[PDB]
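Just below is one structure, and these are the notes that go with it.
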Amino acid sequence: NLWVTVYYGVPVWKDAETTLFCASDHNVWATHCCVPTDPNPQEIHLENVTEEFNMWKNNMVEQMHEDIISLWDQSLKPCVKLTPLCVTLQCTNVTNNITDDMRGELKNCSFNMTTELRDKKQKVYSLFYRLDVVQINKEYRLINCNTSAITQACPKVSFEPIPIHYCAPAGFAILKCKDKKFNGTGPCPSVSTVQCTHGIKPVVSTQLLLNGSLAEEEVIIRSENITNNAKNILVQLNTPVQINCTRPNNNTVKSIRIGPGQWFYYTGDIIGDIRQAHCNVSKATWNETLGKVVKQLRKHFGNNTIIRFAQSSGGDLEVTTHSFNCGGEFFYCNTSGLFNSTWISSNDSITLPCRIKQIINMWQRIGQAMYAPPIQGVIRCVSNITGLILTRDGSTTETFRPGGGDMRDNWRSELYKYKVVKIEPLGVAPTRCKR
Amino acid sequence: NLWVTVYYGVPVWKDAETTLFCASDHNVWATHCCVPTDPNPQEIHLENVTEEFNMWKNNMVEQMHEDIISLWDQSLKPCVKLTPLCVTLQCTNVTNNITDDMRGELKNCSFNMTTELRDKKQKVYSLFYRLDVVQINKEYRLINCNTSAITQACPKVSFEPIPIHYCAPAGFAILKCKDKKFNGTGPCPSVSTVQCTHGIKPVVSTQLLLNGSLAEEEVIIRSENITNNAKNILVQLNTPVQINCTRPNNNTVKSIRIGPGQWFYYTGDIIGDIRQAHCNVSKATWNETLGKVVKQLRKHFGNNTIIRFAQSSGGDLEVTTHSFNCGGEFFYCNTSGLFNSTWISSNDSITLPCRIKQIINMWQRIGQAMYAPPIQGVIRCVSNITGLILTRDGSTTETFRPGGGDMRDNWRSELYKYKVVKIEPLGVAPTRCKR
Amino acid sequence: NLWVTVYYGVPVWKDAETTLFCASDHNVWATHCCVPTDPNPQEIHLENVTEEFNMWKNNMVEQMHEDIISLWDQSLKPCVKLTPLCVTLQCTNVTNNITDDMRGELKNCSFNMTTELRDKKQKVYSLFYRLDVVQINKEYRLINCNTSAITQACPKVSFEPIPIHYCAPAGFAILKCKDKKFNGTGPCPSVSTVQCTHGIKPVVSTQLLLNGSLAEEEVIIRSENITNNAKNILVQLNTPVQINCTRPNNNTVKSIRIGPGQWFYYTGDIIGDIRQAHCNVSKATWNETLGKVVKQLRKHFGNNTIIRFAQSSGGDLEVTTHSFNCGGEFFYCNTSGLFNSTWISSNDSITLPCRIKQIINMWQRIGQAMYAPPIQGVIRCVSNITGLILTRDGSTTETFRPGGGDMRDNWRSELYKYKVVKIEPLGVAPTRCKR
Amino acid sequence: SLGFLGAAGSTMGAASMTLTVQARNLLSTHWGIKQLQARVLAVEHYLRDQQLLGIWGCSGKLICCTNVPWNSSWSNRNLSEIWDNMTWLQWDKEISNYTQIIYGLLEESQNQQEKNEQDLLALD
Amino acid sequence: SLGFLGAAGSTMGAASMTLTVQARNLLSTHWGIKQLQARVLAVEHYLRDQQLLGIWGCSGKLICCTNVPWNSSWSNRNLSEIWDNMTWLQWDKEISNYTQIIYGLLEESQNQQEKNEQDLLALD
Amino acid sequence: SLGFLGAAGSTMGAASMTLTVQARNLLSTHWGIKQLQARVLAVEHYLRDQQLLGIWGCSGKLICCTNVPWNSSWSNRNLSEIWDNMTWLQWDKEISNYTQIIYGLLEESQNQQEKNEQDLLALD
Ligand SMILES: *[C@@H]1O[C@H](CO)[C@@H](O[C@@H]2O[C@H](CO)[C@@H](O)[C@H](O)[C@H]2NC(C)=O)[C@H](O)[C@H]1NC(C)=O
Ligand SMILES: *[C@@H]1O[C@H](CO)[C@@H](O[C@@H]2O[C@H](CO)[C@@H](O)[C@H](O)[C@H]2NC(C)=O)[C@H](O)[C@H]1NC(C)=O
Ligand SMILES: *[C@@H]1O[C@H](CO)[C@@H](O[C@@H]2O[C@H](CO)[C@@H](O)[C@H](O)[C@H]2NC(C)=O)[C@H](O)[C@H]1NC(C)=O
Ligand SMILES: *[C@@H]1O[C@H](CO)[C@@H](O[C@@H]2O[C@H](CO)[C@@H](O)[C@H](O)[C@H]2NC(C)=O)[C@H](O)[C@H]1NC(C)=O
Ligand SMILES: *[C@@H]1O[C@H](CO)[C@@H](O[C@@H]2O[C@H](CO)[C@@H](O)[C@H](O)[C@H]2NC(C)=O)[C@H](O)[C@H]1NC(C)=O
Ligand SMILES: *[C@@H]1O[C@H](CO)[C@@H](O[C@@H]2O[C@H](CO)[C@@H](O)[C@H](O)[C@H]2NC(C)=O)[C@H](O)[C@H]1NC(C)=O
Ligand SMILES: *[C@@H]1O[C@H](CO)[C@@H](O[C@@H]2O[C@H](CO)[C@@H](O)[C@H](O)[C@H]2NC(C)=O)[C@H](O)[C@H]1NC(C)=O
Ligand SMILES: *[C@@H]1O[C@H](CO)[C@@H](O[C@@H]2O[C@H](CO)[C@@H](O)[C@H](O)[C@H]2NC(C)=O)[C@H](O)[C@H]1NC(C)=O
Ligand SMILES: *[C@@H]1O[C@H](CO)[C@@H](O[C@@H]2O[C@H](CO)[C@@H](O)[C@H](O)[C@H]2NC(C)=O)[C@H](O)[C@H]1NC(C)=O
Ligand SMILES: *[C@@H]1O[C@H](CO)[C@@H](O[C@@H]2O[C@H](CO)[C@@H](O)[C@H](O)[C@H]2NC(C)=O)[C@H](O)[C@H]1NC(C)=O
Ligand SMILES: *[C@@H]1O[C@H](CO)[C@@H](O)[C@H](O)[C@H]1NC(C)=O
Ligand SMILES: *[C@@H]1O[C@H](CO)[C@@H](O)[C@H](O)[C@H]1NC(C)=O
Ligand SMILES: *[C@@H]1O[C@H](CO)[C@@H](O)[C@H](O)[C@H]1NC(C)=O
Ligand SMILES: *[C@@H]1O[C@H](CO)[C@@H](O)[C@H](O)[C@H]1NC(C)=O
Ligand SMILES: *[C@@H]1O[C@H](CO)[C@@H](O)[C@H](O)[C@H]1NC(C)=O
Ligand SMILES: *[C@@H]1O[C@H](CO)[C@@H](O)[C@H](O)[C@H]1NC(C)=O
């Protein structure tokens, strides 16, 4: 009666894991390695297609992680190795024009370094932050001396994130979820197909996500398992919170030759007096932001459940403070002033003190270290807080604390709406057609 | 009458050389980097097909040789360089608590090492085997100081051979010789087609072959041209000879940091009575084995010919003695006790007076040295002798000796059964079909 | 009443840029890296095909340039670094057997060099040619110490140019211009198709091109824009001018060990009188050659003008002076003896004095350097001048001076007959056939 | 006119009218390697589909009819249900367990068919 | 005779006599990447042209006569004026402006042909 | 069963019944460049053979008979011997010296056929 008819070019796909490539259009991410982005990328709406998405089981996130690590490391390959710098260092306190809150923050240190000629030595001095030196038992050493060689970042290279568009290879496609309020794990009733994702900026931070996407209408709370205290909660925002960060000191940068073709950069001195690095947010905006967060948490934890916010504690600065790169400098800000409230049913700012660190161990690895050269002058940046990383502790009161660690979650947030599938164009169906 | 007809998918092949790949199944062979194997899905017996095999003209052998070397070098690429050890050593004899079998074998040396801070030095003591230390004129240097750079092998990467299966690229097929009593160069009446070889353990040795396959029916003698005394003779055994090799001493391993992020491992002390490394072979089985070898040699040389076994000639330790990696340490053993007899027309065992070396220059390459970290504890290995490498002395008596050292031959021992051919799907034939 | 008919295998093409690969035919160009050339390449004459060529927009030149830089750098990758050599030197003049041609051009230096053992030092005496040594305040340093490290070239690797053939990939072809007297930018009425170019020797020189191809009948003058005073003029020749170059000094080469597995080579002494390096050309041949150049220049600038040849403008030795690699030695020769003449509408030689330099900064890059090992004995080579690089200074006497230093001008002097096109085999045309 | 996978969700008999729109999108420092491997992989998948169509005697057709009858054991629906209500994604899931069987039957059918033609051209 | 592109420059009529001459020449450390990148292009270009011919209903016959009529707006030269008085390079330069139109028409007529065959065979 | 080369050694007459099984078996750090090269080569060999089948007018079929007559100078043997007493390995040894000749003839024959088809269609 019926025969097997073969069709090719059939709109069928299966979930798949493949390799994606970057298309983007003096840079940490070596963007010249990517193809350029097509000025007229396409997107198509797929009416009546409902697909299951799972942001917590997504290999796009893992590839983004891998690419960022590799690109970051590759940019340090041609840079100076400051092995001549790991010497007994002789240090005293900077006590000249010190704000009370920086008493013994900054230190003055003396070295016997190598020079252009191997038979000579050059006596130099520089200023260091306390966070990067450890006492010898006036004798100090750099903190990386007992774990790794440190590479100086090349000064011409910018650390400012540039949006990277991820594109599927031929035969594959990326599905995108357009469903408002999608939490990342259920069926998505409204999808579209794209070849490339939007450009995603590889912004690196802890606790407070910066310069990401906003929700259209309401705060969306996403988690792998909300009742599991071992999982993080990613909260997006439907409004930005403006944050103004500064390093309010006019630093004068000096450099020396340490060997043929190699030079070391350091802070020589500071012009004028000093002030503690800090970040400002508006108190009122922050209070509205939390009010929205609390309402959504109550939907999940109970209408009459008390929601409390608290500072996090335990671990290194990367998981207790808000770290970020501002002006190319590395900041560690105390967010306790933001997360200190209990909720039952005009230029007033919140000021968060911050510290500055130059020896940076990224991606929670050991054995690698980078020396961040100082930046001349005074640093300011303004950024938008577009989501929070919270963890729940553990009756009556639920306590949430800022979370952090595992960079996969920052990327997971931007990629929550994308899925990779493979096209299977060949298939069969019964018809009345024979031979 | 007849016309040309073209057939595609024709069961023919031609001898060809192509690139094979690793399918494998913390190792120096990067076994995690190979596509894994399937559970030996099949071999296809080919009825009425006789192919010519030639183990002496085999590119599988040459590729394995090159791949093993490349993997070896890669495994040292990220490991600590030991350049700072090439200093004058101050050495005295270790004659404390010895048996006098070891008199002169160990020396207690002291030297000034670099440390985490480059402006500090730290005097250390360590024990060395005499084979790795050469007198300068009490003042000694490491043997490799005037020829090569030395890299420490990573303490977490094992030298235990893992069977590696070699698989044909698509479009090619590996033919295997199934016939018994096949001597490596003639036609093989019974063959089969496989996609992957069995896994081969890349065991490194000389004089005797360890952990290979056994012959099932008789001892088989294989050589390219047996009448040419310039060729080696490979002998495959029917029964394994079990050999036990040990290092009776209990060594204590110490670790010194020699620069940021790096450390050197060295024997700190020895707990107890210093004794000679040694290895045991039972006489009953060894004497039976030689008799079997002689019978086969008599088939080639005459019944009326006397066969003598003799020890090796002088030369580099690597080629005059048996050599293997046991527990991570490299042993050199005098096999003379196994080849000292003339053959004419109880647990009593043979003990081999073995010695240990840590500085390794494998594949006979000059300029590339490796340091073998010491092993904590006492070392014991049990292995099977599955074959021999013999040389022929250049009237009425023939003499054979335990020669060797060219690693290519160890691989010939297992790859003799395989040949790689290209599949050639097109061909034509006459027939009665026209159009 | 016609229909579209599709034809595949249509002999048409488009200008295109693709990747070309090398085919060759102990050497710095690593010709073993290239695919060996088939002994019988074909050339297919295209009757009735006129194509436009533009040597100044020919990206084959850019690829050749990149391959040359790449091969050059790869050849130095495994060679000994001389960082231990950048030490204060104590230097006096070599006045011991001077003919006054070399007075002030050779110095005797001594320094404290490292040894295999890192705790020992050796005092080394060596000779330098002044251009490589600069004063610090008898205290000198090598010129590269404040720019970069210098790598010693491997003594076993020759720098002699080997013709390198370039080949297009399938789908592409190279069209060659066969017309005589072709200036590189207009239509070429007679062309042929090849898959591979002839082998081109990558001869590196400034001002006077050596060992290239000759013009078929007459001197051909080619330039990007003849009236643009910022552009170079490439003058080919229809006859070679023989040039005989030498370093007439018997150099004794000495070497020292500088570290484990490494050694440094330097000139130990000179036997016999010390004389200046030089190059000879025939005065008569050179004067005839210029007369031909002058006539062709008059065709472009008027036949009622004056052409005057003059000296280079000054600046860096590598640009202002003629340079070449002879025997592996690096020569810098003064051409003022060649370009000193005003042209108005028996065994008499011209001797050009030369300087020798061992520290070479190639390809106009900054941050890399090579040390050229000394060459044992006396160096002599004979080569052909096959073209000139001239510049013109902006009813007046025109002034021409030697130009160059931009290596693309040398390649472009051979790659002017070739262009790469993409084959576009598919197309359509109308006919009476329909289905 | 939609584009690429935009037909998904339409009925099977609607989607089947636009096959070329998707067929055209097939084939259209390891950052070098990732890009190169992706190109190779795209080719390999393309070629496997084309080889398979070739074996079945459907080379170059998009829509190809065969001599293999449909089994009610693979699926049993009215043709109007299959072509007018269901879409291709649903269908692929429903008969995902029979694709190996069907492909084997198609390969056997074509092999016999070729032999029969070879004999007819030799005049039996 | 006149291997590879040797017939280039001859008129279109004569050049069409050697289509297989050019067709058969199609496809035919850090450094090893320049060959892999070249080989992959030769293959991708080959396959894209083959795919296009397949979509158009030309499985690969070298010369495929289609059912799409020629428009005078593309070219109004008579046939001798095209086939006897021009070479292929000249022809391509003139027709280039309309080739996307032509290619679209060819894909469209083939889809109509495929549907018609399938329906006739349901009636057969 | 007899997968891959299992039919080898059987006579040509029997072996022709297994062409399909060997058709589907075609086309399937610094270490990757070895696997990647192997993948590329498999594709290149596959495509070159398909290219010849296309040129000769066989294309997607496994068995094609053509209009080229068999020449006794290539081989003078009775059909009862070649198709029942010689194997495809033995035959290759015997016919190898003439396969370049045969391939050239197959190409020319198809070109003549294509010209004839174009002309017949033009004549309607
Ligand atoms: C730099 O200032 C710090 C204070 O910020 C001094 O450290 C304190 O020393 C007293 C003993 O005299 C201890 O009891 C405190 O606990 C220390 N405080 C901290 C934060 O370490 C330090 O001695 C000063 N150093 C110099 C060179 O003046
Ligand atoms: C996101 O929304 C989905 C609903 O679309 C929620 O999924 C349900 O979770 C419960 C509890 O595990 C299951 O019993 C249901 O079967 C799930 N429904 C579906 C359609 O999958 C999910 O829990 C929500 N997650 C968050 C963080 O809000
Ligand atoms: C260290 O050991 C060496 C042996 O390795 C001793 O030297 C030997 O001394 C005997 C005399 O008792 C000589 O006959 C040998 O020829 C010597 N051999 C070598 C290699 O020199 C040496 O005396 C011992 N030194 C100490 C301090 O114990
Ligand atoms: C392994 O067996 C083969 C036989 O298959 C031996 O090869 C023959 O040796 C004779 C010696 O004169 C030659 O004339 C023949 O041409 C060889 N070929 C064959 C197929 O017989 C081979 O010599 C044997 N190997 C050893 C080590 O004895
Ligand atoms: C090598 O060691 C093995 C044991 O590790 C010895 O084999 C054993 O011998 C003992 C008697 O001494 C038996 O009781 C064991 O049963 C044997 N092995 C087993 C467990 O089967 C072997 O004899 C040693 N080889 C030599 C020659 O020393
Ligand atoms: C090495 O030779 C240079 C010249 O090549 C000497 O320097 C010159 O000395 C004369 C006087 O005899 C002055 O008129 C020149 O102006 C000097 N030239 C320069 C560049 O300074 C130099 O003194 C000699 N050094 C030694 C150690 O003999
Ligand atoms: C090289 O020769 C070509 C002719 O083959 C010259 O091209 C002419 O240049 C003038 C001035 O720009 C134009 O007006 C003509 O139309 C060009 N003719 C053609 C056929 O293109 C070119 O100028 C010569 N180059 C040099 C440096 O003299
Ligand atoms: C999504 O499904 C709806 C049906 O629920 C499709 O709309 C129907 O389309 C047919 C054919 O044109 C019409 O005869 C019906 O009257 C339409 N029904 C309704 C309720 O509008 C719609 O086309 C589907 N979407 C896609 C992309 O195929
Ligand atoms: C190049 O053009 C010439 C014409 O200028 C072609 O020669 C003509 O060929 C036709 C066809 O065989 C003859 O009828 C004419 O009499 C020939 N003319 C002359 C002057 O000989 C020539 O064939 C063309 N070249 C190519 C490769 O096609
Ligand atoms: C190998 O040769 C034997 C003959 O010696 C083949 O055996 C015959 O096979 C046919 C089937 O094709 C049977 O009808 C005959 O009765 C068999 N002969 C005997 C004596 O039993 C065998 O098939 C051949 N192997 C292959 C793979 O073709
Ligand atoms: C530099 O070296 C001198 C000895 O020459 C020593 O006294 C001084 O403390 C050293 N200074 C530093 C900063 O290491
Ligand atoms: C910094 O300290 C100096 C004294 O060392 C003082 O003269 C100067 O005014 C101070 N600067 C500021 C901005 O307080
Ligand atoms: C319960 O939650 C709803 C919102 O879902 C809110 O409108 C209502 O007032 C809450 N009731 C209380 C206060 O428990
Ligand atoms: C270590 O350095 C000191 C420096 O005073 C020297 O006297 C001693 O001999 C050195 N020891 C060794 C074992 O090199
Ligand atoms: C070598 O070092 C010594 C000091 O140890 C110094 O006196 C001598 O001048 C140095 N030699 C040279 C050539 O600089
Ligand atoms: C057969 O082959 C011979 C050469 O071996 C050739 O001379 C003859 O013309 C050919 N005949 C046919 C009909 O092809």
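Residue numbering restarts at 1 in every chain; chains get A, B, ... in the order shown in the structure tokens, and ligands count up from 1 in that same order.
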Using only C-alpha atoms and a cut-off of 12 Å, which residues of chain C sit close to chain A? Please list them as a compact mmCIF listing (two decimals) with N, CA and C atoms, in the first residue's frame.
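Generated file (result-v1.txt):
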```txt
# COMPACT_ATOMS: atom_id res chain seq x y z
N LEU C 82 73.11 33.35 23.51
CA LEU C 82 74.32 33.90 24.06
C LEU C 82 74.10 34.92 25.14
N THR C 83 73.00 34.84 25.86
CA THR C 83 72.78 35.77 26.96
C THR C 83 74.01 35.92 27.87
N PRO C 84 74.73 34.85 28.28
CA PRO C 84 75.91 34.89 29.13
C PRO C 84 77.06 35.74 28.57
N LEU C 85 76.99 36.10 27.30
CA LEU C 85 78.00 36.92 26.64
C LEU C 85 77.82 38.43 26.85
N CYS C 86 76.62 38.91 27.28
CA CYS C 86 76.35 40.33 27.46
C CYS C 86 76.91 40.78 28.81
N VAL C 87 78.22 40.94 28.81
CA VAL C 87 79.00 41.32 29.97
C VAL C 87 79.90 42.46 29.61
N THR C 88 80.42 43.16 30.60
CA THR C 88 81.38 44.19 30.28
C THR C 88 82.61 43.57 29.66
N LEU C 89 83.06 44.12 28.55
CA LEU C 89 84.23 43.67 27.85
C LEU C 89 85.37 44.64 28.08
N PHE C 111 86.88 38.91 28.45
CA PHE C 111 85.76 38.88 29.37
C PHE C 111 85.66 37.61 30.24
N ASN C 112 84.85 37.69 31.33
CA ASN C 112 84.56 36.58 32.24
C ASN C 112 83.27 35.85 31.82
N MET C 113 83.41 34.68 31.18
CA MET C 113 82.36 33.82 30.63
C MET C 113 82.05 32.65 31.55
N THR C 114 80.82 32.14 31.48
CA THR C 114 80.40 30.99 32.26
C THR C 114 80.97 29.69 31.70
N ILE C 136 80.76 51.86 26.85
CA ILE C 136 79.90 52.10 28.00
C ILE C 136 79.99 53.52 28.56
N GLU C 139 86.05 50.04 28.45
CA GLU C 139 84.85 49.27 28.81
C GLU C 139 83.79 49.35 27.73
N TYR C 140 83.47 48.19 27.18
CA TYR C 140 82.54 48.02 26.08
C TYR C 140 81.48 46.96 26.32
N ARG C 141 80.41 47.05 25.58
CA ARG C 141 79.36 46.05 25.61
C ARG C 141 79.01 45.70 24.19
N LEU C 142 78.34 44.60 23.96
CA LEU C 142 77.93 44.35 22.60
C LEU C 142 76.76 45.24 22.31
N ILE C 143 76.62 45.63 21.06
CA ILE C 143 75.55 46.55 20.71
C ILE C 143 74.14 46.09 20.98
N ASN C 144 73.88 44.80 20.98
CA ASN C 144 72.54 44.31 21.22
C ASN C 144 72.03 44.31 22.67
N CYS C 145 72.89 44.55 23.68
CA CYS C 145 72.54 44.43 25.11
C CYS C 145 71.38 45.31 25.56
N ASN C 146 71.19 46.47 24.97
CA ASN C 146 70.07 47.30 25.41
C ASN C 146 68.82 47.18 24.52
N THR C 147 68.77 46.18 23.59
CA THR C 147 67.63 45.91 22.71
C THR C 147 67.11 44.52 22.94
N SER C 148 67.97 43.51 22.80
CA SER C 148 67.52 42.13 22.99
C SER C 148 68.64 41.13 23.14
N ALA C 149 68.25 39.89 23.38
CA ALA C 149 69.18 38.80 23.46
C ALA C 149 69.60 38.43 22.07
N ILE C 150 70.76 37.84 21.96
CA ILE C 150 71.24 37.42 20.67
C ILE C 150 71.37 35.91 20.66
N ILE C 366 63.01 44.99 15.24
CA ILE C 366 63.68 45.39 16.46
C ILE C 366 63.32 44.44 17.58
N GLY C 367 64.31 43.90 18.26
CA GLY C 367 64.04 43.00 19.37
C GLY C 367 64.55 41.58 19.15
N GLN C 368 65.18 41.34 18.02
CA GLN C 368 65.75 40.05 17.72
C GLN C 368 67.14 40.30 17.20
N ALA C 369 68.04 39.36 17.43
CA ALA C 369 69.37 39.46 16.87
C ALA C 369 69.97 38.09 16.68
```
Write out as number ranges by chain each polymer residue whose atoms come within 10 Å of residue 17 in chain D, counting only C-alpha atoms; drop sequence neighbours fewer than 2 positions from it. A: 9-10; D: 7, 12-15, 19-21, 63; E: 111-112, 114-115
How would the residues just picked look written out with N, CA and C atoms as a PDB file, in the first residue's frame?
```
ATOM      1  N   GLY A   9      16.867  17.265   3.505  1.00  0.00           N
ATOM      2  CA  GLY A   9      16.691  18.700   3.743  1.00  0.00           C
ATOM      3  C   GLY A   9      15.553  18.916   4.737  1.00  0.00           C
ATOM      4  N   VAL A  10      15.305  17.887   5.516  1.00  0.00           N
ATOM      5  CA  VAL A  10      14.280  17.825   6.526  1.00  0.00           C
ATOM      6  C   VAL A  10      14.621  18.637   7.792  1.00  0.00           C
TER       7      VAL A  10
ATOM      8  N   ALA D   7      11.088  26.182   9.039  1.00  0.00           N
ATOM      9  CA  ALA D   7       9.943  25.347   8.727  1.00  0.00           C
ATOM     10  C   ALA D   7       9.619  24.424   9.874  1.00  0.00           C
ATOM     11  N   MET D  12       4.268  18.254   8.523  1.00  0.00           N
ATOM     12  CA  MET D  12       5.241  17.522   7.753  1.00  0.00           C
ATOM     13  C   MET D  12       5.125  17.779   6.262  1.00  0.00           C
ATOM     14  N   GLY D  13       3.897  17.814   5.751  1.00  0.00           N
ATOM     15  CA  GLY D  13       3.670  18.013   4.333  1.00  0.00           C
ATOM     16  C   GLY D  13       3.904  19.442   3.879  1.00  0.00           C
ATOM     17  N   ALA D  14       4.057  20.364   4.816  1.00  0.00           N
ATOM     18  CA  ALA D  14       4.310  21.744   4.473  1.00  0.00           C
ATOM     19  C   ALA D  14       5.794  21.967   4.436  1.00  0.00           C
ATOM     20  N   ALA D  15       6.462  21.422   5.437  1.00  0.00           N
ATOM     21  CA  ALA D  15       7.886  21.557   5.598  1.00  0.00           C
ATOM     22  C   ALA D  15       8.622  20.901   4.463  1.00  0.00           C
ATOM     23  N   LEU D  19      12.977  21.994   0.955  1.00  0.00           N
ATOM     24  CA  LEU D  19      14.128  21.208   1.374  1.00  0.00           C
ATOM     25  C   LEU D  19      15.446  21.880   1.013  1.00  0.00           C
ATOM     26  N   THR D  20      15.442  22.641  -0.076  1.00  0.00           N
ATOM     27  CA  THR D  20      16.667  23.241  -0.583  1.00  0.00           C
ATOM     28  C   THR D  20      17.129  24.357   0.297  1.00  0.00           C
ATOM     29  N   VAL D  21      16.209  24.925   1.034  1.00  0.00           N
ATOM     30  CA  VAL D  21      16.571  26.013   1.887  1.00  0.00           C
ATOM     31  C   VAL D  21      17.521  25.535   2.977  1.00  0.00           C
ATOM     32  N   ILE D  63      13.983  14.264  -3.002  1.00  0.00           N
ATOM     33  CA  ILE D  63      12.832  13.392  -2.759  1.00  0.00           C
ATOM     34  C   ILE D  63      13.051  12.136  -3.600  1.00  0.00           C
TER      35      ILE D  63
ATOM     36  N   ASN E 111      12.683  22.112  -7.963  1.00  0.00           N
ATOM     37  CA  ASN E 111      11.771  21.643  -6.938  1.00  0.00           C
ATOM     38  C   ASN E 111      10.426  21.301  -7.526  1.00  0.00           C
ATOM     39  N   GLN E 112      10.017  22.033  -8.553  1.00  0.00           N
ATOM     40  CA  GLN E 112       8.740  21.716  -9.151  1.00  0.00           C
ATOM     41  C   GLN E 112       8.819  20.376  -9.860  1.00  0.00           C
ATOM     42  N   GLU E 114      10.681  17.879  -8.998  1.00  0.00           N
ATOM     43  CA  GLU E 114      10.713  16.797  -8.041  1.00  0.00           C
ATOM     44  C   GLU E 114       9.337  16.498  -7.533  1.00  0.00           C
ATOM     45  N   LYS E 115       8.535  17.526  -7.309  1.00  0.00           N
ATOM     46  CA  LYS E 115       7.217  17.230  -6.832  1.00  0.00           C
ATOM     47  C   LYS E 115       6.442  16.499  -7.905  1.00  0.00           C
TER      48      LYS E 115
END
```
Please report as a count of residues only which residues of chain F come no farther than 12 Å from chain C, using only C-alpha atoms. 14
Test item: residues lying within 9 Å of ligand 4 with only C-alpha atoms and all ligand atoms, as a PyMOL selection string: chain B and resi 52+182-188+221-227+233+300
Could you write out as a ChimeraX atom specification the residues of chain E within 10 Å of chain F, counting only C-alpha atoms? /E:16-20,23-24,26-30,32-33,35-36,39-40,42-43,46-47,59-65
Compute the set of protein, DNA and RNA residues whose minimum atom distance to ligand 8 is at most 6 Å, using only C-alpha atoms and all ligand atoms, and state it as a PyMOL selection string. (chain A and resi 47-48) or (chain D and resi 7+9-10)
For those residues, write N, CA and C atoms to a file as a PDB file, in the first residue's frame.
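File written: out-v9.pdb
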```
ATOM      1  N   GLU A  47       8.087  29.412  14.809  1.00  0.00           N
ATOM      2  CA  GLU A  47       6.779  29.380  15.404  1.00  0.00           C
ATOM      3  C   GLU A  47       6.385  27.932  15.618  1.00  0.00           C
ATOM      4  N   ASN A  48       5.708  27.642  16.750  1.00  0.00           N
ATOM      5  CA  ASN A  48       5.228  26.321  17.195  1.00  0.00           C
ATOM      6  C   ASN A  48       6.346  25.333  17.582  1.00  0.00           C
TER       7      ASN A  48
ATOM      8  N   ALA D   7      11.088  26.182   9.039  1.00  0.00           N
ATOM      9  CA  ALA D   7       9.943  25.347   8.727  1.00  0.00           C
ATOM     10  C   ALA D   7       9.619  24.424   9.874  1.00  0.00           C
ATOM     11  N   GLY D   9       8.102  22.988  12.950  1.00  0.00           N
ATOM     12  CA  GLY D   9       6.859  23.320  13.624  1.00  0.00           C
ATOM     13  C   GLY D   9       5.697  23.342  12.635  1.00  0.00           C
ATOM     14  N   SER D  10       5.996  23.429  11.341  1.00  0.00           N
ATOM     15  CA  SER D  10       4.943  23.415  10.347  1.00  0.00           C
ATOM     16  C   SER D  10       4.597  21.964  10.166  1.00  0.00           C
TER      17      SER D  10
END
```
